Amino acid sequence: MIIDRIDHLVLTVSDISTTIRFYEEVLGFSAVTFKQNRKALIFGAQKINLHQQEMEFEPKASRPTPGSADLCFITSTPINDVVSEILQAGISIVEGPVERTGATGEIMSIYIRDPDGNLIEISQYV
């Protein structure tokens, strides 16, 4: 078995609409509906499926929990330009631009939180 990449992942949220607005307006993701009533956010060649509490389709994680996610995204946009966009959006920065370790090398990152409390790390390689 040879694994190439992560295709997508599932986020459990309290309210899909609130989550969709955050990700479309702040990170520029694109919301879509598949299988008649399922929601997902598209970005690059990957996606994130959304499961609302009380509507978590199966199979699912053993302990579905809103606000338990900690994701790092790579941006092609200059990181400083990202900070400003985040600030202009009215979003609070958890931790300003700071050097971190990426999968390949060193990255400069910014941290913010989504509506449920999940930690979102937007980064760029050094």
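Counting begins at 1, following the sequence as shown.
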Could you check which stretch, 41 to 49 or 27 to 35, carries the larger mean CA temperature factor in the entry?
27 to 35
The stretch carrying the higher mean Cα B factor in the deposited entry, 95 to 103 or 66 to 74, is 95 to 103
Quick one: classify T19 as lowest, middle or highest third of the chain based on its Cα B-factor.
lowest
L9 by Cα B-factor - lowest, middle or highest third of the modelled chain
lowest
According to the PDB entry, is the CA B factor of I112 in the bottom, middle or top third of its chain, that is, lowest, middle or highest?
lowest
